[PDB]
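Enquirer: sharing the initial chains of the complex here, in place:
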Amino acid sequence: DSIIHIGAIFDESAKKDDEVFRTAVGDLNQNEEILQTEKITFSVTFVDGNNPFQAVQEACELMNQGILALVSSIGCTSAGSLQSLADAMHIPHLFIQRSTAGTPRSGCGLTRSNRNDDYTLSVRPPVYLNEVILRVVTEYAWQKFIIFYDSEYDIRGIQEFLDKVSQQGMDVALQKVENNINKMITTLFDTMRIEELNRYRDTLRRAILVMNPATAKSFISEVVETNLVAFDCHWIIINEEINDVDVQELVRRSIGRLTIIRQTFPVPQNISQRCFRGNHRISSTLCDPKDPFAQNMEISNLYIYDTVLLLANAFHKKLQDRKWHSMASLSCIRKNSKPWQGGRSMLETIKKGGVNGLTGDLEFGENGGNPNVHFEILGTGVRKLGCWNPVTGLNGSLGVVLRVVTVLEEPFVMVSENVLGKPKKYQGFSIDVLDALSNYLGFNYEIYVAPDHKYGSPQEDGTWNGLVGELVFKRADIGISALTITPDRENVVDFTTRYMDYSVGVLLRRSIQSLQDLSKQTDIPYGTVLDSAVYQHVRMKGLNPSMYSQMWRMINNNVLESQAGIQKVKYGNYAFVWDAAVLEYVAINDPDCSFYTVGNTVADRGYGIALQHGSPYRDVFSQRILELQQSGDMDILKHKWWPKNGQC
């Protein structure tokens, strides 16, 4: 004989809320401490969340069955109808808001009729998206950015945030991400001229993604493939429901800096205390983070569980104090439709209840809404940067001299000053990268050139020469130059991150437009320094498995050493293969502007900073090189010596 019967109305896509609803029911019927001798029965109905009248009709049939409370897991479309019906029939309505397809939640904005008592309790906490996103952009001190939302977001969710940022003078644009992304980026190309397009690419340097993880994944991958974003972009993704499978896929798909903000549930750490809240035992499928279901649980599943646990404890108190109110068979829209007599007392019991659950500590304020909410902050691998909750706000914030061996190369390392009676000064891109590390890390340095001016080749003795050899023999601490990171060099010295990509380019005389064009004509013969790295590099590619075979066939007579190639293209018919960045500087700073550079191969290797093997600074230097890249300052220093302004 059942005296406890609860109601459930579910949107059709809430199958997981039903499964956890039933399992929470079974778990409480096994708990002998709560409702020791009385069983809980239920009536579950699935309805179309887009039909508020269907939701009412099926809710009345549950009330006609006779229930103590109505739990609904449905969207804001039918929440207005279920909130006002509950007030009319005096049935406690534990409302769990579901967003469509995992999109970010927006407050229902219900402006519900306050003439009558509010019989609806919002189990889920308030949507603080505008508050959290405001703290993040204030910490990062953003001033111009664009906010993306998918086709399912309710932008009134940011109607306060758009006012706060407009009070603070920020250039904030919005933009819906269509359900057809490939067409959308393709569409942008037609509307905007080439001159206009750069502003969009520049704006996307700081963007905020308010969208479900699915569109977050596709939209990040789509822009990266179309190279609208670069290694300096900083995107913020915020959504309440973003599981770890999405986090790894977002980080794997994205370049640059990415900040993720999602809701977290403060739950015990111990393995024993993970499936126990006091003496209550939880089914392993929901509390064990090593079970596949628990990892695939929706956030709504957690609040469905803690709802039933709170209902049982609200029922347990009412029986103990002997103030119980039996269910009634209520009728809607009848001549004698009468409210549930015991609704008002049942409501006051539930509203003052509190439980420990999967969501954490569930409780209700005086307004009838759950006040507990916690967001974690992730950042790029990926790691936790801090916490946020609406009570504590934001938590977790978001010179020794070293021997430097160089090799002269314009514009990386050059002699800027050499006046009789003064110490030798240097300048260049490699020097500027060294100064930024010296300026931030707070180390000083003394720079000397390799005795033979060589980058370094392995000798038969087993001792390296050139710049690398100096670091082998501990004659220097750091090696700064146009040094490409090679496997051989990594064996003897330890490298940091690449601070720029090294490509093989060709110098032409004022018709060729690429190495491909270069590798198929014979009007202009071409070569590169004999037996040098670039000589071998074009050879090794040609020999083993479609231009490197036709490039090696030609160079293999037409070869030369050192600068002679630059002059050969100047006063002769010849295309010079060499480092593209060195050639690029040559063609830019040509006193007669007689050259242009093509090529720019896919960069197998890139420039690096070598330290003597086992250096304790490699890790920290790699950090600051990464930061200058992911902040764009490299693009400031690259423009100093490689300006595309138009001198030539």
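Expert: Sure, I can see it. Residues are numbered from 1 along each chain as shown, chains lettered A, B, ... in the order given.

Enquirer: phi and psi next, for the closest residue in space to residue A:188 that isn't next to it in sequence.
Expert: Counting by C-beta to C-beta, 6 or more residues apart in numbering, residue A:200 is the residue found nearest to residue A:188 once chain neighbours are left out, at 7.0 Å. For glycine as for every other residue, the C-beta is placed from the backbone atoms N, C-alpha and C. Backbone torsions of residue A:200, given as degrees, to the nearest 10, read phi -60, psi -40.

Enquirer: how about the one 10 residues further on?
Expert: Recorded main-chain torsions at residue A:210 are phi -100, psi 80, according to degrees, to the nearest 10.

Enquirer: which stretches of the stretch 401-550 of chain A form helices?
Expert: A:429-441, A:466-472, A:487-492, A:515-518, A:533-543, A:548-555 (DSSP state H, counting those that start in this stretch).

Enquirer: ok, and what's touching the third one?
Expert: Applying C-beta atoms under 8 Å, 6 or more residues apart in numbering, the external contacts of helix A:487-492 come out as A:456, A:458, A:464, A:468, A:471-472, A:483, A:495, A:610, A:613.

Enquirer: ok, the fifth one next?
Expert: In this structure, residues lying in contact with helix A:533-543 by C-beta under 8 Å, 6+ apart are A:484, A:504, A:528-529, A:548-549, A:551-553, A:555-556, A:559, A:577-579.

Enquirer: now list the buried members of the contacts of helix A:487-492.
Expert: Among these, the ones that count as buried by 16 or more other C-beta atoms under 10 Å are A:456, A:464, A:468, A:471-472, A:483, A:495, A:610.

Enquirer: go through those residues and name the one nearest residue A:160.
Expert: residue A:495 (49.1 Å; C-beta to C-beta).

Enquirer: the closest one and residue A:487, how far apart?
Expert: 10 Å (C-beta to C-beta, to the nearest Å).

Enquirer: now residue A:463
Expert: From residue A:463 over to residue A:487 the distance is 19 Å, taken as C-beta to C-beta.

Enquirer: which of the two has more neighbours?
Expert: Neighbour tally, residue A:463 and residue A:487, criterion other C-beta atoms under 10 Å: the higher count belongs to residue A:463, 11 against 7.

Enquirer: what's near enough to touch the more buried one?
Expert: So residue A:463 contacts A:469, A:472-473 (C-beta under 8 Å, 6+ apart).

Enquirer: what are the phi and psi values at it?
Expert: Taking degrees, to the nearest 10 as the convention, residue A:463 sits at phi -110, psi 120.

Enquirer: pretty sure residue A:58 contacts residue A:47?
Expert: Yes: at 5.2 Å, residue A:58 counts as touching residue A:47 under the criterion of C-beta atoms under 8 Å.

Enquirer: further, place chain B onto the existing structure:
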Amino acid sequence: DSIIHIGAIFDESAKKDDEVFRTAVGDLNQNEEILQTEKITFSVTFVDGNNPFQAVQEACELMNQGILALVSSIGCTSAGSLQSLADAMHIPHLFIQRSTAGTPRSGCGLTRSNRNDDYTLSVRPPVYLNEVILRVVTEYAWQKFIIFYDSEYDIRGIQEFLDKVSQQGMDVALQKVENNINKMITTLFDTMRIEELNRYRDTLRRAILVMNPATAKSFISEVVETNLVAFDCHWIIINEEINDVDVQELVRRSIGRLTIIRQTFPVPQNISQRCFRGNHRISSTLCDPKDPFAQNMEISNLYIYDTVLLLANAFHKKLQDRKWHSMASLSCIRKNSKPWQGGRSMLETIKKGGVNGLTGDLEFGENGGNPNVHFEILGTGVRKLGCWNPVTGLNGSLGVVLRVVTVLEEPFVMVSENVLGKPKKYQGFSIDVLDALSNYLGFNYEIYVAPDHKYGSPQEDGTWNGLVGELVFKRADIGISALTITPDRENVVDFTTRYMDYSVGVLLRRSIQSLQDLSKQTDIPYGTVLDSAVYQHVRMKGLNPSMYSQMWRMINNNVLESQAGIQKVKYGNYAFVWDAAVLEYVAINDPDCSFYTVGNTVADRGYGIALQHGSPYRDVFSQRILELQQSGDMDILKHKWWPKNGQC
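Expert: So that you can see how it sits with the rest, here is chain B on the chains above:
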């Protein structure tokens, strides 16, 4: 015996929809051509638009009464419940959307369950606000603007427009106008620094008001009083329901350029054809634009009228073809709830109906929505600039030599060049205003100075001297100088618009901060040119009814003529009263930067352009002077000679 019974559900603030509903009922019962022998009865219910369950419950009681169709005049809050209920009971639902407090309409975004037939007909046309506002900003070629909406607008109404403008690279900010405006502008002052504030004032030069006329009136008056906007601002107000009383109050309260876009109803012009649509006679209170009620009719009142007229014609056809379907007593949420058998045929009849009404031609498309909508475009007095409708789109778009007499005055009219063997050239602010008129109007001119260098004083003979006298004797056509518009001069010559305000200022030597400070101390004695205009002007104010009395008491010994005042302040203790704009130029272009100017009285009179009495160009010249003011180009020319950059 009644066989025609219709239903009505109204939001409580739809009293005017009920009154016109009943009067439309009486008007059709008098029409002997339509429903010749059968009367129409009705059941009207007023409900809270914020309670969708109350709307259903009271709708079921109307269906239980037995009705052929349900007309509802309510907001989108309860429209979802009434659209799906109608589909379930097969009751044709003529839905009229009401916005809250006259705020701009937004589409209900209902994503209504399409599994079943849609028994709801939207009597009101679709919301084309994003389309109309996009055409207006494209015509005006705006590139940076801010969009204001009141607390009642549903910004998803502009979710497409924000994407189109972001595709087009425009700097578009949004900003809700709080219901407390005085606090809001006061609040802005605290948040933003003085340097930041100018950007907001500069952005408001082009703003769009998407709000009800009430907040439009207060918000325009509030910014003008706080001088956040100036004579060059261009604001666009768009709303579907903006009656003429609002239009005149908006124009009276606003400065600058104002464009108003509102819905218009193409109705016959003739007095006879205003209250007749074929043989149908309309009550005078609704069709007569000279009746006070008809002028105070809501837009929803017009669609309530044409709804009943369409229902009667839909009923008239069904009786004539002998296909009628009698009403049924239907029950909601019952064991045997059954749909109205005759609903499907009644729906198809209504959907293919068409009537001439107050709204114009009412008809329905295949989607079940009214396709007819027309917007008019007003602009500043106020006049109609064009029309817009979604089918035709936008309609209505949005050198003889003259003798010029001048008077030398820096920096208005100055000799720029006077080299032996060349004609005399001139420069200055007054000249630049003349060149802009000569450049646009396409007239040429020859400039000569008044023989005596005088602006002009009335002689005893009755013949003016100076610059005015030349225009009296038709010796010149236009008078360009630092000429203030005086009543005496208006008597003999005709003036155009003021192209700048003339104020009385004081020159000080590097402590006084205003004429008020100036008019209360005696440490520094002060005067202005004897018996000149400024001498009299300070006198006349002092004599009749609090500083002009203390100013006249002092100057009344300390007076001087021409430049002597400037030198007196330079090499002596003395404050010089004179034209503030002439003094301002003097203090700016001081070779030793020894002066500053205070004062800037309220300008009773301002500079003007005089023409010989009865000139046919005064009107057109006044136009181009107005345009340069209301476009800001005067602020470009004023800065040429009065730059606040900081030379001194």
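
Enquirer: how does chain A divide up, domain by domain?
Expert: For chain A, the structural domains run A:4-124+A:270-368, A:129-239, A:401-493+A:617-624, A:503-602, going by automatic domain parsing.

Enquirer: what distance do you get for the closest residue to residue A:299 other than its chain neighbours to chain B?
Expert: Setting aside the residues directly before and after it, residue A:299 is nearest to residue A:241 in space (C-beta to C-beta, 6 or more residues apart in numbering or on different chains), at 4.6 Å. To chain B, residue A:241 is 21 Å away according to C-beta to the nearest C-beta, to the nearest Å.

Enquirer: surely residue A:569 meets residue A:595?
Expert: Yes: counting by C-beta under 8 Å, residue A:569 touches residue A:595, with 6.3 Å between them.

Enquirer: give me the more crowded residue out of the two.
Expert: Under the criterion of other C-beta atoms under 10 Å in any protein chain shown, the comparison of residue A:569 against residue A:595 puts residue A:569 first, with 24 against 20.

Enquirer: would you confirm that that one belongs to a strand?
Expert: No: read with DSSP: H, G, I helix; E, B strand; the rest coil, residue A:569 is helix and lies in no strand.

Enquirer: now the residue found closest to residue A:139 once you drop the neighbours it is linked to in the chain: how far from chain B?
Expert: Nearest non-adjacent residue to residue A:139, counting by C-beta to C-beta, 6+ apart: residue A:398, 4.6 Å away. Separation of residue A:398 from chain B (C-beta to the nearest C-beta) stands at 23 Å.

Enquirer: please name the bridge partners of the most centrally placed residue in chain A.
Expert: Central residue of chain A (C-alpha atoms, centre = their mean): residue A:258, 3.5 Å from the mean position. Beta-bridge pairing of residue A:258 under DSSP bridges involves residue A:235.

Enquirer: quick one, what contacts it?
Expert: A:234-237, A:250-251, A:379-380, A:382 (C-beta atoms under 8 Å, 6 or more residues apart in numbering or on different chains).

Enquirer: any idea how far chain B is from it?
Expert: From residue A:258 across to chain B, the span is 22 Å (C-beta to the nearest C-beta).

Enquirer: distance of residue A:529 relative to chain B?
Expert: 47 Å.

Enquirer: reduced to three states, what does the residue nearest to that residue when sequence neighbours are not counted come out as?
Expert: Counting by C-beta to C-beta, 6+ apart, residue A:529 lies nearest to residue A:561, which is 5.6 Å off, once chain neighbours are set aside. Assigned with three-state DSSP, residue A:561 falls in the coil class.

Enquirer: ok, residue A:561 - how many residues close by?
Expert: Using other C-beta under 10 Å: residue A:561 sits among 11 other residues.
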